[PDB]
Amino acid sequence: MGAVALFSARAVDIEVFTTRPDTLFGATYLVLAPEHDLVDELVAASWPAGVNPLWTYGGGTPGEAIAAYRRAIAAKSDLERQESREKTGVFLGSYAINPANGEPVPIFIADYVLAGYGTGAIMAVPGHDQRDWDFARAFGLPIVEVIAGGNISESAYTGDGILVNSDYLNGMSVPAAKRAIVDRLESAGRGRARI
């Protein structure tokens, strides 16, 4: 006869659900549902210096921007919610740590992530999930190849392949890498395989 994994706040743990744990070294940002419990806690008092203006929703502070995003998306109808071409969202002003590579990744809210499904939070892997590719292109976020086989400059590569840019997974198949990364997550106490 997937996985859940924790990402620690850099400054609180954010649990994500993924069907692609093998791609963990390519997760370049996190996305929470706009109504996720942790959003208010994770929101920074001010924007980082040098923040991309595309990330701020035009708000003077992260809290103002999140409040406006929540208010605006309430003006959407079923028509907009079943369209999916355009990806919108807001940076919280804070970072999480990717458990695989120890790197800081920015945290966003976006209405493409649904509050009542999974854990209400995802890891975003633009190289390998077209939804995340689209968001990353719209926001100027990094797009990293970890599964060789496609051409990430053109579109997300969603098929089987060989791990690259993924340290102790490198050279594995996708099925083998899924098992290896879950074993690492379990050894560290930071995740589990789930149906």
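Heads up: residue numbers just count along the shown sequence, starting at 1.
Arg85 is a gap in at least a third of the other entries compared, counting only those with both neighbours built. The segment from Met1 to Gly2 is interrupted, since 10 or more residues of the deposited sequence in that interval carry no coordinates.
Here the stretch with the larger average CA B-factor, out of 41 to 49 and 123 to 131, is 41 to 49. Here 100 to 108 and 81 to 89 are compared by their mean Cα B-factor, and 81 to 89 comes out higher. For the set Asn151, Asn165, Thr28, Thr56, the PDB entry assigns the largest Cα B-factor to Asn151. Based on the entry's C-alpha B-factors, the most elevated value among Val144, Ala138, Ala68, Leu32 belongs to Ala138. In this PDB entry, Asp183 carries a Cα temperature factor that places it within the middle third of its chain's modelled residues. Among the modelled residues of the chain, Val12 sits in the highest third by CA temperature factor in this PDB entry. Sort the chain's modelled residues by C-alpha temperature factor and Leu6 lands in the lowest third, per the entry.
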